[PDB]
There are 4 protein chains.
Amino acid sequence: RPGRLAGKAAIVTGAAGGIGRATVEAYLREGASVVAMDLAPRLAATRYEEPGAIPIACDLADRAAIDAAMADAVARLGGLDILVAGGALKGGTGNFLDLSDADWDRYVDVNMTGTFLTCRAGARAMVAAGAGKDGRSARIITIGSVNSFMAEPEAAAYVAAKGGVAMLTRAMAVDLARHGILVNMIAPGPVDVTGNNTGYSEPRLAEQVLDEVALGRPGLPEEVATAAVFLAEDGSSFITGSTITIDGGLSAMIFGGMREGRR
Amino acid sequence: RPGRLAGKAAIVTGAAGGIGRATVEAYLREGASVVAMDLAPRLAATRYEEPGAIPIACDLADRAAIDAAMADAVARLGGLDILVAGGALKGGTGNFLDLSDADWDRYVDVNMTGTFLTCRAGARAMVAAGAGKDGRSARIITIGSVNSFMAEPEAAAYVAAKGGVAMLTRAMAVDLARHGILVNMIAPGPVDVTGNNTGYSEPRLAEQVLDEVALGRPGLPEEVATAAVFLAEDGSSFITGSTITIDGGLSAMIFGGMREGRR
Amino acid sequence: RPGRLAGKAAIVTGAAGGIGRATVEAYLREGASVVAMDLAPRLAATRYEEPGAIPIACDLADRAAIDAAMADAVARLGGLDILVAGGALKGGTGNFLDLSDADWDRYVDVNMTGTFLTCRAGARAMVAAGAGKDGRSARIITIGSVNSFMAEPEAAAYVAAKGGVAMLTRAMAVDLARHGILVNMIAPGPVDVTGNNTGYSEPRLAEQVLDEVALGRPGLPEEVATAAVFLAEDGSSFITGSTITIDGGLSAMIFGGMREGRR
Amino acid sequence: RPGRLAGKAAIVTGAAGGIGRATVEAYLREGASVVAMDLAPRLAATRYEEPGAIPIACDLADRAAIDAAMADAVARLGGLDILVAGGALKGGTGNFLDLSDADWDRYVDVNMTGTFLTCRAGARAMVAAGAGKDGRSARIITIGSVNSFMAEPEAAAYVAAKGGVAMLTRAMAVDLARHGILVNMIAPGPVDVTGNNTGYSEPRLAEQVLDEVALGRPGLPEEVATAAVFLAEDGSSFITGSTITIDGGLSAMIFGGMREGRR
């Protein structure tokens, strides 16, 4: 309860996942009160390595549930200082030519619209709790991806929606600056969320990770969570509309397979 | 019928608008056969400065109509070489805090999903007409905005959807490269579409155009259309996944109001 | 046709190289008067597939020679409308740790400072010849690289100098807009300049070209030259401070080696 | 608390300036041993709000002095874990057309080449001290600017050199990943370094800060220093080749002067 986020009230969505779980834990460790949101069965199966998380189920596909769960969360926290919008469908479908309406809609509705609705409700609660008055500020952090800027193959709906989130983040930063809410995105590269170092073990994918990531491995959840603490703390008071990219150099490098040690 | 696009079959959406009309005209002038798509009443009121456009009505909010109009267009052209996806709702709503579900949905459904559906159908027609076989290639050009990368105030749905289109464009470039379809975006800055130099005449907006656009004026439709010809022609055979930005230096400059001549 | 650069006076540096030679030829083809600049021995061994080039030797490492050669060029052309700054040392040195003062200096002095000096002279000549008066405009086009934004391994001086040129391009665009000079960069990806399809034939490099370039091949000089014509023509009158990227999708894609057809 | 940089050996250049001083102090506060480098007279007039800084004079224009001062620093620290390359000439000259060889050279030589030379020495020392062996890693952090990506008017040499540093940062990240050195840039927007809130008080500049920065004010040094601690700590172990942008939303927003509250 001492810590870099001492006394802050935080909601983390996608909180049963690798990045969300690590963020919930880092946040509790840094003294925040934390509501953990995810799908009901996923929350039911998750136990945090730190105690005190308040689990509240919230299906991002259900618009009424997003509002209800956000109001419930805010009532229980007594306010809202920090929102980490990390809930998302992951992965690919196949070639763009074969991408169905159903899959397009699921990724856009859950990942893009779900983020918008969560963040609009969070932003309104922050303002209602005093953000932008008496020197009080608040924090919205979206979880995007390197896919917000450059495209993986065979995932056009996921990639499109990550671009949607990138620019939603900047629109929110611009409109909410006057309300004392700072809004930024975290863009993770490949992150192993298995707990087992098995997420990227398929040989071809394993070789590609060695060639395309400068550090030559997938990331760990904690390596992303640390940026969620950084963006949320009071000291980040001039950082808004930005992305912190956490990808072992993937997006910084070309012809990584030609480098000494790999070629 | 001689010209840099001689013998090409092209569909332009948003073809009643400033940029779409200029593109239809440039394309006819460069020898392409051109289907012009837009809302029925908007097409009915538009006469092109060049003859030979084939008007086909297509409401982007109607998913079945997108497919039907695309098949009708392709049948009449006898194939498909070029698609310019320019149909879009423009402009703002107000602050992000007050942005309604209805307005979010309209911008995402028309501008982002409408572009996806048009482009998926176009891409499938290109392939069916021989793209990626016997040295035959095709061209998909999306009309985005400087808002695909940096946010205007009070337009979070429009801006989000432009980011969606930015990354859709790159996903399409990656998945369709093997099918000989090159996919790029055009990112216009402020473009006066009134025909009257009245689009940016409001004093405060007029002052901002002088300060934030290096060239110190809004663009004209023809200045955007010329890039649609460039991307569509055979010579652009190594350009894919890119954006051509046409904004008088807006996105290249900071503190433009401090420059000599303005300060 | 009427040439798209009919009557224009152009200087192209790096004119003995692949991209420069292709640009000189495209420009003569489109009706421009062209001065071709490169190192003396390189000019002496180059014959253009189009006639009329005025060869003028100019070593980028010799500052006095940059000014003298520019004044001579401008006197012979009777003015200056277009400058393509393409002269550059290419390629790598080894790891950053072992990069010598001498190599650093050679890349920075030739590729960055050489570009600055050529462009400052050119810009001054353009203004002296009437740019920015009576509706007259001019064009400065820099040849950068995908290395202007993302780094290849083992070429830190080349990559740094390309970033230098990227931001010099934007500075110039901002400062010269009031003088009617539009300034843009071309960012080529891998381009085979051998004439032989042997530039990227080394097996590991060949495999990386297939995995990292969406189009799965190196570019050809003409595929870059076409953008130089596009940027230089009167129609591109609202394009400044921008980059046209010509890289087969390299900079738009991640995990290209995982795509169907490659994995 | 335990300091987040407990036991780490750091060098901070530009340490008499606003950002450097704030970084030296944050670093001492977080338990690092710190060598503070700047010009001799500037060091001599600086007293830190935290004790323990080791002041070592180092003129970035003198290449032999860069090596000697780095070797002395490393001998005194007994190694090197963190380098913050913040030393730089600031500000403008006038229009690109009038930019002299002397000014160009001063900005490039000090800000770009000075950074390269400091970082190459630092990187070598880090490797000699055990970086990349036995799980040991190190950190190079460059201080760039929003001018690394978008140009201010009338400062072409400063802006170019900032682009240089942006891409040097990525080159270093790629080449040094195998040596366990993570390399990132901090891109500050306008930062008031007067201590007095007088840096941006000139009326036209003040109005532009309100219109172009979402937060509507200049930053403070501590708001940049906090990112230097974040990047340097062990937790940031998957962040390399990236930029953290600290600019109140400047680079994320267009037509900021049109937003409600400003228009």
# chains A, B, ... in the order shown; residues from 1 in each chain; ligands from 1

$ interface_residues --of "chain C" --to "chain B" --cutoff "7 Å" --atoms "only C-alpha atoms" --output "PyMOL selection string"
chain C and resi 170+174+177-178+214-215+219+223+226+235-242+244-249+252-253

$ select_by_dssp --residues "segment 14-156 of chain B" --states "strand (DSSP E)" --output "VMD selection string"
chain B and resid 33 to 38 54 to 57 82 to 85 138 to 143

$ residues_around --residues "residue 49 of chain C" --least-positions-apart "3" --cutoff "12 Å" --atoms "only C-alpha atoms" --output "list in words"
residues 21, 22, 23, 24, 25, 26, 27, 28, 29, 46, 52 and 53 of chain C

$ atom_distance --atom1 "atom CA of residue 6 of chain D" --atom2 "atom CA of residue 67 of chain D"
26.5 Å

$ select_by_dssp --residues "segment 33-263 of chain A" --states "alpha helix (DSSP H)" --output "JSON, numbers by chain"
{"A": [40, 41, 42, 43, 44, 63, 64, 65, 66, 67, 68, 69, 70, 71, 72, 73, 74, 75, 76, 77, 101, 102, 103, 104, 105, 106, 107, 114, 115, 116, 117, 118, 119, 120, 121, 122, 123, 124, 125, 126, 127, 128, 156, 157, 158, 159, 160, 161, 162, 163, 164, 165, 166, 167, 168, 169, 170, 171, 172, 173, 174, 175, 176, 203, 204, 205, 206, 207, 208, 209, 210, 211, 212, 222, 223, 224, 225, 226, 227, 228, 229, 230, 231, 232]}

$ residues_around --residues "residue 155 of chain A" --least-positions-apart "5" --cutoff "12 Å" --atoms "only C-alpha atoms" --output "PDB file with C-alpha atoms, in the first residue's frame"
ATOM      1  CA  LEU A  89      -9.177 -11.113 -28.991  1.00  0.00           C
ATOM      2  CA  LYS A  90      -5.745 -12.194 -30.256  1.00  0.00           C
ATOM      3  CA  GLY A  91      -4.405 -13.940 -33.347  1.00  0.00           C
ATOM      4  CA  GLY A  92      -5.139 -14.616 -36.988  1.00  0.00           C
ATOM      5  CA  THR A  93      -7.772 -15.887 -39.400  1.00  0.00           C
ATOM      6  CA  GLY A  94      -6.037 -16.551 -42.703  1.00  0.00           C
ATOM      7  CA  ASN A  95      -5.650 -14.522 -45.858  1.00  0.00           C
ATOM      8  CA  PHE A  96      -7.499 -11.222 -46.299  1.00  0.00           C
ATOM      9  CA  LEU A  97      -9.264 -12.691 -49.380  1.00  0.00           C
ATOM     10  CA  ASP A  98     -10.982 -15.308 -47.196  1.00  0.00           C
ATOM     11  CA  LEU A  99     -11.750 -13.053 -44.208  1.00  0.00           C
ATOM     12  CA  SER A 100     -15.413 -13.429 -43.262  1.00  0.00           C
ATOM     13  CA  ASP A 103     -14.405 -12.587 -37.984  1.00  0.00           C
ATOM     14  CA  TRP A 104     -14.075  -8.951 -39.079  1.00  0.00           C
ATOM     15  CA  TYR A 107     -12.262  -8.287 -33.871  1.00  0.00           C
ATOM     16  CA  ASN A 147       0.445  -4.302 -35.309  1.00  0.00           C
ATOM     17  CA  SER A 148      -0.916  -0.804 -34.635  1.00  0.00           C
ATOM     18  CA  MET A 150       3.059  -2.505 -39.180  1.00  0.00           C
ATOM     19  CA  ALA A 160      -7.010  -3.057 -38.532  1.00  0.00           C
ATOM     20  CA  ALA A 161      -8.506  -2.900 -35.041  1.00  0.00           C
ATOM     21  CA  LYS A 162      -5.042  -2.208 -33.536  1.00  0.00           C
TER      22      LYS A 162
ATOM     23  CA  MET B 167      -3.575  -0.550 -40.852  1.00  0.00           C
ATOM     24  CA  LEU B 168      -6.189  -2.308 -43.037  1.00  0.00           C
ATOM     25  CA  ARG B 170      -0.928  -2.503 -44.676  1.00  0.00           C
ATOM     26  CA  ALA B 171      -2.639  -5.844 -43.815  1.00  0.00           C
ATOM     27  CA  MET B 172      -4.050  -5.934 -47.341  1.00  0.00           C
ATOM     28  CA  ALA B 173      -0.629  -5.075 -48.843  1.00  0.00           C
ATOM     29  CA  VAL B 174       0.965  -7.971 -46.974  1.00  0.00           C
ATOM     30  CA  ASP B 175      -1.714 -10.596 -47.726  1.00  0.00           C
TER      31      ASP B 175
ATOM     32  CA  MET C 253       5.225  -5.802 -42.712  1.00  0.00           C
ATOM     33  CA  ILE C 254       6.306  -7.806 -39.667  1.00  0.00           C
ATOM     34  CA  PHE C 255       6.965 -11.567 -39.525  1.00  0.00           C
ATOM     35  CA  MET C 258       5.484 -16.482 -41.566  1.00  0.00           C
ATOM     36  CA  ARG C 259       3.155 -15.596 -44.475  1.00  0.00           C
ATOM     37  CA  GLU C 260       1.555 -18.343 -46.588  1.00  0.00           C
TER      38      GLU C 260
END

$ residues_around --residues "residue 61 of chain A" --least-positions-apart "6" --cutoff "12 Å" --atoms "only C-alpha atoms" --output "PyMOL selection string"
chain A and resi 38-39+67+87-89+105-118

$ atom_distance --atom1 "atom CA of residue 129 of chain C" --atom2 "atom CA of residue 59 of chain C"
24.5 Å

$ residues_around --residues "residue 193 of chain D" --least-positions-apart "2" --cutoff "9 Å" --atoms "only C-alpha atoms" --output "PDB file with N, CA and C atoms, in the first residue's frame"
ATOM      1  N   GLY D  17      22.637  21.179 -17.907  1.00  0.00           N
ATOM      2  CA  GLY D  17      21.393  21.700 -18.492  1.00  0.00           C
ATOM      3  C   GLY D  17      20.179  21.258 -17.732  1.00  0.00           C
ATOM      4  N   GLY D  18      19.010  21.714 -18.145  1.00  0.00           N
ATOM      5  CA  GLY D  18      17.750  21.386 -17.419  1.00  0.00           C
ATOM      6  C   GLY D  18      17.444  19.885 -17.324  1.00  0.00           C
ATOM      7  N   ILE D  19      17.382  19.237 -18.480  1.00  0.00           N
ATOM      8  CA  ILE D  19      17.109  17.800 -18.518  1.00  0.00           C
ATOM      9  C   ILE D  19      18.232  16.983 -17.866  1.00  0.00           C
ATOM     10  N   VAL D 191      10.328  22.143 -23.337  1.00  0.00           N
ATOM     11  CA  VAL D 191      10.617  21.975 -21.917  1.00  0.00           C
ATOM     12  C   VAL D 191      11.231  23.262 -21.376  1.00  0.00           C
ATOM     13  N   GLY D 195      13.809  27.484 -14.801  1.00  0.00           N
ATOM     14  CA  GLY D 195      13.527  27.412 -13.369  1.00  0.00           C
ATOM     15  C   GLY D 195      12.501  28.452 -12.930  1.00  0.00           C
ATOM     16  N   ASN D 196      12.073  29.270 -13.880  1.00  0.00           N
ATOM     17  CA  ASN D 196      11.398  30.521 -13.605  1.00  0.00           C
ATOM     18  C   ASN D 196      10.019  30.628 -14.286  1.00  0.00           C
ATOM     19  N   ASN D 197       9.638  29.605 -15.055  1.00  0.00           N
ATOM     20  CA  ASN D 197       8.545  29.696 -16.022  1.00  0.00           C
ATOM     21  C   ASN D 197       8.639  30.891 -16.998  1.00  0.00           C
ATOM     22  N   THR D 198       9.843  31.172 -17.496  1.00  0.00           N
ATOM     23  CA  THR D 198      10.060  32.282 -18.435  1.00  0.00           C
ATOM     24  C   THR D 198      10.559  31.827 -19.817  1.00  0.00           C
ATOM     25  N   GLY D 199      10.677  30.513 -20.026  1.00  0.00           N
ATOM     26  CA  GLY D 199      11.269  30.004 -21.263  1.00  0.00           C
ATOM     27  C   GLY D 199      10.415  30.245 -22.498  1.00  0.00           C
ATOM     28  N   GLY D 219       6.872  21.536 -20.822  1.00  0.00           N
ATOM     29  CA  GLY D 219       7.222  20.552 -19.793  1.00  0.00           C
ATOM     30  C   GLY D 219       8.222  21.089 -18.783  1.00  0.00           C
ATOM     31  N   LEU D 220       8.414  20.356 -17.695  1.00  0.00           N
ATOM     32  CA  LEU D 220       9.472  20.626 -16.726  1.00  0.00           C
ATOM     33  C   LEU D 220      10.529  19.518 -16.775  1.00  0.00           C
ATOM     34  N   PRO D 221      11.793  19.844 -16.476  1.00  0.00           N
ATOM     35  CA  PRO D 221      12.875  18.877 -16.578  1.00  0.00           C
ATOM     36  C   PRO D 221      12.608  17.495 -15.933  1.00  0.00           C
TER      37      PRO D 221
END

$ atom_distance --atom1 "atom CA of residue 125 of chain D" --atom2 "atom CA of residue 81 of chain D"
9.0 Å

$ closest_residue --among "B:157, B:192, B:124, B:151" --to "residue 212 of chain D" --atoms "only C-alpha atoms"
B:151

$ residues_around --residues "residue 4 of chain D" --least-positions-apart "6" --cutoff "8 Å" --atoms "only C-alpha atoms" --output "NGL selection string"
:D and (30-31 or 229 or 233)

$ write_last_selection --atoms "N, CA, C and O atoms" --output "PDB file, in the first residue's frame"
ATOM      1  N   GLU D  30      17.794   7.539  -6.969  1.00  0.00           N
ATOM      2  CA  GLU D  30      17.463   6.123  -7.142  1.00  0.00           C
ATOM      3  C   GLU D  30      18.660   5.176  -6.893  1.00  0.00           C
ATOM      4  O   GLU D  30      18.608   3.965  -7.218  1.00  0.00           O
ATOM      5  N   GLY D  31      19.736   5.728  -6.333  1.00  0.00           N
ATOM      6  CA  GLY D  31      20.823   4.925  -5.809  1.00  0.00           C
ATOM      7  C   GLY D  31      21.996   4.691  -6.755  1.00  0.00           C
ATOM      8  O   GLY D  31      22.836   3.875  -6.462  1.00  0.00           O
ATOM      9  N   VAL D 229      15.067   7.329 -15.809  1.00  0.00           N
ATOM     10  CA  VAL D 229      15.082   6.300 -14.754  1.00  0.00           C
ATOM     11  C   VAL D 229      14.378   5.035 -15.283  1.00  0.00           C
ATOM     12  O   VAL D 229      14.904   3.929 -15.152  1.00  0.00           O
ATOM     13  N   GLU D 233      16.329   1.244 -15.711  1.00  0.00           N
ATOM     14  CA  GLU D 233      16.162   0.188 -14.718  1.00  0.00           C
ATOM     15  C   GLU D 233      16.090  -1.229 -15.317  1.00  0.00           C
ATOM     16  O   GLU D 233      15.763  -1.406 -16.476  1.00  0.00           O
TER      17      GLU D 233
END

$ decode --residues "segment 147-213 of chain A" --atoms "C-alpha atoms" --output "PDB file, in the first residue's frame"
ATOM      1  CA  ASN A 147       0.445  -4.302 -35.309  1.00  0.00           C
ATOM      2  CA  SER A 148      -0.916  -0.804 -34.635  1.00  0.00           C
ATOM      3  CA  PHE A 149       1.757   0.419 -37.109  1.00  0.00           C
ATOM      4  CA  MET A 150       3.059  -2.505 -39.180  1.00  0.00           C
ATOM      5  CA  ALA A 151       1.095  -5.587 -40.269  1.00  0.00           C
ATOM      6  CA  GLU A 152       1.694  -9.267 -39.471  1.00  0.00           C
ATOM      7  CA  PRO A 153       0.397 -11.627 -42.228  1.00  0.00           C
ATOM      8  CA  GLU A 154      -3.034 -13.267 -42.113  1.00  0.00           C
ATOM      9  CA  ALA A 155      -4.634 -11.132 -39.405  1.00  0.00           C
ATOM     10  CA  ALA A 156      -6.234  -8.157 -41.203  1.00  0.00           C
ATOM     11  CA  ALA A 157      -9.111  -7.742 -38.691  1.00  0.00           C
ATOM     12  CA  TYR A 158      -6.830  -7.861 -35.648  1.00  0.00           C
ATOM     13  CA  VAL A 159      -4.349  -5.490 -37.345  1.00  0.00           C
ATOM     14  CA  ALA A 160      -7.010  -3.057 -38.532  1.00  0.00           C
ATOM     15  CA  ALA A 161      -8.506  -2.900 -35.041  1.00  0.00           C
ATOM     16  CA  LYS A 162      -5.042  -2.208 -33.536  1.00  0.00           C
ATOM     17  CA  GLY A 163      -4.710   0.745 -35.884  1.00  0.00           C
ATOM     18  CA  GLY A 164      -8.146   1.860 -34.797  1.00  0.00           C
ATOM     19  CA  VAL A 165      -6.955   1.737 -31.177  1.00  0.00           C
ATOM     20  CA  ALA A 166      -3.736   3.652 -32.004  1.00  0.00           C
ATOM     21  CA  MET A 167      -5.684   6.607 -33.356  1.00  0.00           C
ATOM     22  CA  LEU A 168      -8.475   6.324 -30.744  1.00  0.00           C
ATOM     23  CA  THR A 169      -5.693   6.757 -28.210  1.00  0.00           C
ATOM     24  CA  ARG A 170      -4.480  10.014 -29.838  1.00  0.00           C
ATOM     25  CA  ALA A 171      -8.062  11.357 -30.280  1.00  0.00           C
ATOM     26  CA  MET A 172      -8.681  10.680 -26.593  1.00  0.00           C
ATOM     27  CA  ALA A 173      -5.375  12.361 -25.623  1.00  0.00           C
ATOM     28  CA  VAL A 174      -6.355  15.489 -27.541  1.00  0.00           C
ATOM     29  CA  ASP A 175      -9.962  15.740 -26.291  1.00  0.00           C
ATOM     30  CA  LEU A 176      -9.232  14.797 -22.701  1.00  0.00           C
ATOM     31  CA  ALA A 177      -6.103  16.935 -22.096  1.00  0.00           C
ATOM     32  CA  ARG A 178      -8.339  19.765 -20.864  1.00  0.00           C
ATOM     33  CA  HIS A 179      -9.920  17.330 -18.383  1.00  0.00           C
ATOM     34  CA  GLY A 180      -6.544  16.354 -16.881  1.00  0.00           C
ATOM     35  CA  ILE A 181      -6.566  12.835 -18.318  1.00  0.00           C
ATOM     36  CA  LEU A 182      -3.341  11.639 -19.970  1.00  0.00           C
ATOM     37  CA  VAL A 183      -3.811   8.949 -22.580  1.00  0.00           C
ATOM     38  CA  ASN A 184      -1.113   6.712 -24.033  1.00  0.00           C
ATOM     39  CA  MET A 185      -0.682   3.324 -25.691  1.00  0.00           C
ATOM     40  CA  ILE A 186       1.623   0.419 -24.987  1.00  0.00           C
ATOM     41  CA  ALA A 187       2.709  -1.413 -28.190  1.00  0.00           C
ATOM     42  CA  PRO A 188       4.050  -4.879 -27.247  1.00  0.00           C
ATOM     43  CA  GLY A 189       5.965  -7.038 -29.748  1.00  0.00           C
ATOM     44  CA  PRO A 190       5.820 -10.824 -29.316  1.00  0.00           C
ATOM     45  CA  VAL A 191       5.117 -11.665 -25.682  1.00  0.00           C
ATOM     46  CA  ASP A 192       5.082 -15.187 -24.350  1.00  0.00           C
ATOM     47  CA  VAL A 193       2.030 -15.610 -22.123  1.00  0.00           C
ATOM     48  CA  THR A 194       2.192 -19.404 -21.590  1.00  0.00           C
ATOM     49  CA  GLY A 195       4.245 -19.256 -18.373  1.00  0.00           C
ATOM     50  CA  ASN A 196       6.151 -22.097 -19.958  1.00  0.00           C
ATOM     51  CA  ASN A 197       8.327 -20.583 -22.704  1.00  0.00           C
ATOM     52  CA  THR A 198       6.145 -22.498 -25.206  1.00  0.00           C
ATOM     53  CA  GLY A 199       4.343 -19.610 -26.961  1.00  0.00           C
ATOM     54  CA  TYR A 200       6.851 -19.312 -29.811  1.00  0.00           C
ATOM     55  CA  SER A 201       8.305 -22.829 -29.881  1.00  0.00           C
ATOM     56  CA  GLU A 202       7.042 -23.820 -33.330  1.00  0.00           C
ATOM     57  CA  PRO A 203      10.314 -24.058 -35.331  1.00  0.00           C
ATOM     58  CA  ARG A 204       9.576 -21.625 -38.159  1.00  0.00           C
ATOM     59  CA  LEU A 205       8.122 -19.048 -35.726  1.00  0.00           C
ATOM     60  CA  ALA A 206      11.070 -19.673 -33.385  1.00  0.00           C
ATOM     61  CA  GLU A 207      13.574 -18.963 -36.206  1.00  0.00           C
ATOM     62  CA  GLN A 208      11.618 -15.795 -37.149  1.00  0.00           C
ATOM     63  CA  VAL A 209      11.714 -14.522 -33.574  1.00  0.00           C
ATOM     64  CA  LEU A 210      15.527 -14.938 -33.631  1.00  0.00           C
ATOM     65  CA  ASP A 211      15.806 -13.046 -36.943  1.00  0.00           C
ATOM     66  CA  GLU A 212      13.229 -10.278 -36.535  1.00  0.00           C
ATOM     67  CA  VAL A 213      13.530  -9.417 -32.789  1.00  0.00           C
TER      68      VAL A 213
END
